[PDB]
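Data block below; observations after.
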Amino acid sequence: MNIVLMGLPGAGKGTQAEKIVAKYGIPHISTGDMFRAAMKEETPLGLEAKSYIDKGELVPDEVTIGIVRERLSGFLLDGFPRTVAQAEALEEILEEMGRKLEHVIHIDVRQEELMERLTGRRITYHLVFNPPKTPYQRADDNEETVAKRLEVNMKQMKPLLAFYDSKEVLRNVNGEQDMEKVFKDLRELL
Ligand SMILES: Nc1ncnc2c1ncn2[C@@H]1O[C@H](COP(=O)(O)OP(=O)(O)OP(=O)(O)OP(=O)(O)OP(=O)(O)OC[C@H]2O[C@@H](n3cnc4c(N)ncnc43)[C@H](O)[C@@H]2O)[C@@H](O)[C@H]1O
């Protein structure tokens, strides 16, 4: 059970991740969560990562690969690879491990829906979609920062999708649905 979740900021990676972990019971290696853990603990990694994360940019491939390579030593990779260079590195790591990627799952959502999804997010919950009975909000979910995140991720998305689409491991799922309907489709694949 070796799975990769990729998707644009706010597509529903982490949302589906929790459901995948609860259903199947596997490790969940989320670069985003790892950086947030590292940032909060003020480790050297966290410090140098913070500048890029707060800017909305991607942290360099070297350090991102470093952190993942060690941490892999079934699984659910979340937000990795999100560049080709990262994916190129993963292929070697996995061959070095003796475990191949069974499925790469792209959660497809539309750049318009993402702005609303990220701004309305409360941590997950959402103000209009998954509302709490009664009423924190992420630092990088600011309108201005979200725009930078979408810009930067879309650019790296195409080369990846094409990469994995050629490999014949890519599987698109319709992300623009109810949470459980999105998960059902994942179930079908998994
Ligand atoms: N490999 C890498 N290389 C370089 N840098 C890296 C890296 N990996 C991480 N980073 C760094 O990490 C930073 C942040 O990355 P990261 O923390 O991974 O965030 P992201 O990739 O930008 O995506 P988000 O986490 O914002 O959205 P999500 O996909 O988790 O969706 P969510 O479940 O919240 O759900 C979205 C919202 O919508 C709602 N929602 C969920 N599902 C549905 C549905 N089906 N219908 C309607 N609404 C829904 C939810 O309630 C929720 O509020 C990056 O800026 C970068 O700095």
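We label chains A, B, ... in the order they appear in the structure tokens, count residues from 1 in each chain, and number ligands from 1 in the order shown.
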Per residue of chain A within 6 Å of ligand 1, which atom pair is closest and at what distance in Å (one decimal), using only C-alpha atoms and all ligand atoms, listed by chain and increasing number, as a tab-separated table?
```
residue	atom	partner	partner_atom_place_in_ligand_line	distance
A:9	CA	ligand 1	23 (O)	3.5
A:10	CA	ligand 1	27 (O)	3.3
A:11	CA	ligand 1	29 (O)	4.6
A:12	CA	ligand 1	31 (O)	3.5
A:13	CA	ligand 1	29 (O)	3.7
A:14	CA	ligand 1	33 (O)	3.7
A:15	CA	ligand 1	33 (O)	3.5
A:31	CA	ligand 1	8 (N)	4.5
A:32	CA	ligand 1	17 (O)	3.7
A:52	CA	ligand 1	57 (O)	5.9
A:53	CA	ligand 1	57 (O)	3.7
A:56	CA	ligand 1	55 (O)	4.9
A:57	CA	ligand 1	57 (O)	5.5
A:58	CA	ligand 1	5 (N)	3.9
A:59	CA	ligand 1	4 (C)	4.3
A:64	CA	ligand 1	3 (N)	5.8
A:79	CA	ligand 1	8 (N)	4.8
A:80	CA	ligand 1	1 (N)	4.3
A:81	CA	ligand 1	1 (N)	5.2
A:82	CA	ligand 1	1 (N)	4.8
A:117	CA	ligand 1	38 (O)	4.6
A:118	CA	ligand 1	37 (C)	5.7
A:121	CA	ligand 1	53 (O)	3.9
A:124	CA	ligand 1	51 (O)	5.4
A:125	CA	ligand 1	51 (O)	4.4
A:126	CA	ligand 1	53 (O)	4.4
A:129	CA	ligand 1	48 (N)	5.6
A:130	CA	ligand 1	51 (O)	5.7
A:175	CA	ligand 1	45 (N)	5.7
A:176	CA	ligand 1	45 (N)	5.7
A:177	CA	ligand 1	45 (N)	4.7
A:178	CA	ligand 1	45 (N)	4.3
A:179	CA	ligand 1	45 (N)	3.6
A:182	CA	ligand 1	45 (N)	5.8
```
Any idea what's packed within 9 Å of residue 154 of chain A, counting only C-alpha atoms, ignoring anything in its chain fewer than 4 positions away? Could you give it as a count of residues only? 5
So that I can see what lies close to segment 100-104 of chain A, please list as number ranges by chain the residues with an atom at most 7 Å from it, counting only C-alpha atoms and leaving out residues fewer than 5 positions away in the same chain. A: 1-5, 94-95, 169-171
Based on the selection just made, write N, CA, C and O atoms of those residues as a PDB file, in the first residue's frame.
```
ATOM      1  N   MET A   1       0.865  -1.227   0.000  1.00  0.00           N
ATOM      2  CA  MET A   1       0.000   0.000   0.000  1.00  0.00           C
ATOM      3  C   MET A   1       0.881   1.250   0.000  1.00  0.00           C
ATOM      4  O   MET A   1       1.084   1.877   1.038  1.00  0.00           O
ATOM      5  N   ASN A   2       1.435   1.577  -1.167  1.00  0.00           N
ATOM      6  CA  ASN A   2       2.345   2.715  -1.318  1.00  0.00           C
ATOM      7  C   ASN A   2       1.710   3.790  -2.160  1.00  0.00           C
ATOM      8  O   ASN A   2       1.605   3.661  -3.380  1.00  0.00           O
ATOM      9  N   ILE A   3       1.317   4.869  -1.509  1.00  0.00           N
ATOM     10  CA  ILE A   3       0.481   5.870  -2.138  1.00  0.00           C
ATOM     11  C   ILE A   3       1.100   7.250  -2.043  1.00  0.00           C
ATOM     12  O   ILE A   3       1.712   7.598  -1.053  1.00  0.00           O
ATOM     13  N   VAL A   4       0.940   8.007  -3.117  1.00  0.00           N
ATOM     14  CA  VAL A   4       1.337   9.412  -3.183  1.00  0.00           C
ATOM     15  C   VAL A   4       0.094  10.274  -3.418  1.00  0.00           C
ATOM     16  O   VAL A   4      -0.667  10.024  -4.347  1.00  0.00           O
ATOM     17  N   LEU A   5      -0.093  11.288  -2.581  1.00  0.00           N
ATOM     18  CA  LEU A   5      -1.127  12.299  -2.789  1.00  0.00           C
ATOM     19  C   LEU A   5      -0.498  13.593  -3.257  1.00  0.00           C
ATOM     20  O   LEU A   5       0.303  14.211  -2.558  1.00  0.00           O
ATOM     21  N   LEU A  94      13.121   4.524  -3.484  1.00  0.00           N
ATOM     22  CA  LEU A  94      12.213   3.383  -3.468  1.00  0.00           C
ATOM     23  C   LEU A  94      12.866   2.118  -4.010  1.00  0.00           C
ATOM     24  O   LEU A  94      12.636   1.037  -3.478  1.00  0.00           O
ATOM     25  N   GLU A  95      13.677   2.256  -5.058  1.00  0.00           N
ATOM     26  CA  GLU A  95      14.415   1.104  -5.590  1.00  0.00           C
ATOM     27  C   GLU A  95      15.459   0.650  -4.568  1.00  0.00           C
ATOM     28  O   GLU A  95      15.707  -0.534  -4.403  1.00  0.00           O
ATOM     29  N   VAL A 169       1.200   5.298 -13.688  1.00  0.00           N
ATOM     30  CA  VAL A 169       0.824   5.128 -12.276  1.00  0.00           C
ATOM     31  C   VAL A 169      -0.111   6.215 -11.803  1.00  0.00           C
ATOM     32  O   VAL A 169      -0.638   6.136 -10.690  1.00  0.00           O
ATOM     33  N   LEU A 170      -0.299   7.238 -12.635  1.00  0.00           N
ATOM     34  CA  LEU A 170      -1.123   8.395 -12.274  1.00  0.00           C
ATOM     35  C   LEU A 170      -2.588   8.010 -12.339  1.00  0.00           C
ATOM     36  O   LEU A 170      -2.991   7.283 -13.228  1.00  0.00           O
ATOM     37  N   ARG A 171      -3.347   8.504 -11.366  1.00  0.00           N
ATOM     38  CA  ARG A 171      -4.782   8.319 -11.318  1.00  0.00           C
ATOM     39  C   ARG A 171      -5.442   9.619 -10.869  1.00  0.00           C
ATOM     40  O   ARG A 171      -5.228  10.082  -9.758  1.00  0.00           O
TER      41      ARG A 171
END
```
Students should find that atom CA of residue 44 of chain A and atom CA of residue 137 of chain A are spaced 25.2 Å
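The gap separating atom CA of residue 36 of chain A from atom CA of residue 49 of chain A is 9.2 Å, in Å to one decimal.
Counting only C-alpha atoms, the residue from A:106, A:99, A:28, A:71 that sits nearest to residue 161 of chain A is A:106.
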Using only C-alpha atoms, which protein or nucleic acid residues come within 10 Å of residue 93 of chain A? Drop anything in the same chain fewer than 6 positions from it, and give the result as JSON, numbers by chain. {"A": [65, 68, 69, 70, 72, 73, 87, 99, 100]}
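When atom CA of residue 110 of chain A is paired with atom CA of residue 147 of chain A, their separation reads 13.3 Å.
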Next item on the list: Excluding residue 29 of chain A and residues on its chain fewer than 2 positions from it, collect all residues at most 6 Å away from it, counting only C-alpha atoms, and give them as a PyMOL selection string.
Entry: chain A and resi 76-78
Take the residues from that selection and put them in a file with N, CA, C and O atoms, as a compact mmCIF listing (two decimals), in the first residue's frame.
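Contents of the output file selection.txt:
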```
# COMPACT_ATOMS: atom_id res chain seq x y z
N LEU A 76 1.96 6.57 3.04
CA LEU A 76 1.20 7.62 2.38
C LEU A 76 2.03 8.90 2.33
O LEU A 76 2.19 9.61 3.33
N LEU A 77 2.59 9.17 1.16
CA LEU A 77 3.33 10.41 0.92
C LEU A 77 2.35 11.49 0.56
O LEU A 77 1.55 11.33 -0.35
N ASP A 78 2.40 12.59 1.31
CA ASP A 78 1.46 13.69 1.18
C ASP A 78 2.21 15.00 0.91
O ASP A 78 2.97 15.47 1.75
```
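With only C-alpha atoms as the basis for measurement, A:54 is the residue among A:54, A:151, A:109, A:63 that approaches residue 138 of chain A most closely.
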Check: segment 19-113 of chain A: which residues are helix (DSSP H, G or I) by DSSP, as JSON, numbers by chain?
Finding: {"A": [19, 20, 21, 22, 23, 24, 31, 32, 33, 34, 35, 36, 37, 38, 39, 40, 44, 45, 46, 47, 48, 49, 50, 51, 52, 53, 54, 55, 61, 62, 63, 64, 65, 66, 67, 68, 69, 70, 71, 84, 85, 86, 87, 88, 89, 90, 91, 92, 93, 94, 95, 96, 97, 111, 112, 113]}
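Distances to residue 187 of chain A were evaluated for A:30, A:162, A:105, A:92 using only C-alpha atoms, and the minimum falls at A:105.
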From segment 29-130 of chain A, collect each residue whose DSSP state is strand (DSSP E) and return the set as a short mmCIF file (atom, residue, chain, number, x, y, z; two decimals) with C-alpha atoms, in the first residue's frame.
```cif
data_model
loop_
_atom_site.label_atom_id
_atom_site.label_comp_id
_atom_site.auth_asym_id
_atom_site.auth_seq_id
_atom_site.Cartn_x
_atom_site.Cartn_y
_atom_site.Cartn_z
CA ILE A 29 4.50 11.30 5.74
CA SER A 30 3.36 14.87 5.06
CA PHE A 75 3.03 4.46 3.35
CA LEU A 76 1.20 7.62 2.38
CA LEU A 77 3.33 10.41 0.92
CA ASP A 78 1.46 13.69 1.18
CA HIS A 103 -0.51 4.52 -7.16
CA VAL A 104 -0.02 8.26 -7.55
CA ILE A 105 -3.34 9.99 -6.85
CA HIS A 106 -3.97 13.53 -8.13
CA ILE A 107 -6.88 15.28 -6.44
CA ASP A 108 -8.15 17.55 -9.17
CA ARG A 121 -10.42 27.02 6.34
CA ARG A 122 -10.34 26.76 10.13
CA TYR A 125 -13.01 22.62 9.15
CA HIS A 126 -14.51 25.12 6.68
#
```
Might you pull out every residue within 10 Å of residue 25 of chain A, with only C-alpha atoms counted and same-chain residues fewer than 4 positions away left off, and present them as a CSV table (one decimal) with N, CA, C and O atoms, in the first residue's frame?
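Full text of selection_28.csv as output:
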```csv
chain,number,residue,atom,x,y,z
A,18,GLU,N,-6.3,12.0,6.4
A,18,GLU,CA,-6.8,11.6,7.6
A,18,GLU,C,-7.8,10.4,7.5
A,18,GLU,O,-7.8,9.5,8.3
A,19,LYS,N,-8.6,10.5,6.4
A,19,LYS,CA,-9.6,9.4,6.2
A,19,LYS,C,-8.8,8.1,5.7
A,19,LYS,O,-9.3,7.0,6.1
A,20,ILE,N,-7.8,8.3,4.9
A,20,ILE,CA,-7.0,7.1,4.5
A,20,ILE,C,-6.3,6.5,5.7
A,20,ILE,O,-6.2,5.2,5.7
A,21,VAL,N,-5.8,7.3,6.6
A,21,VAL,CA,-5.1,6.8,7.8
A,21,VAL,C,-6.0,6.0,8.7
A,21,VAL,O,-5.7,5.0,9.2
A,74,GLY,N,3.6,-0.3,4.2
A,74,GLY,CA,2.9,0.7,3.4
A,74,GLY,C,3.1,2.1,3.9
A,74,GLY,O,3.5,2.3,5.0
A,75,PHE,N,2.9,3.0,3.0
A,75,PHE,CA,3.0,4.5,3.4
A,75,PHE,C,2.2,5.4,2.5
A,75,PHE,O,1.8,5.1,1.4
```
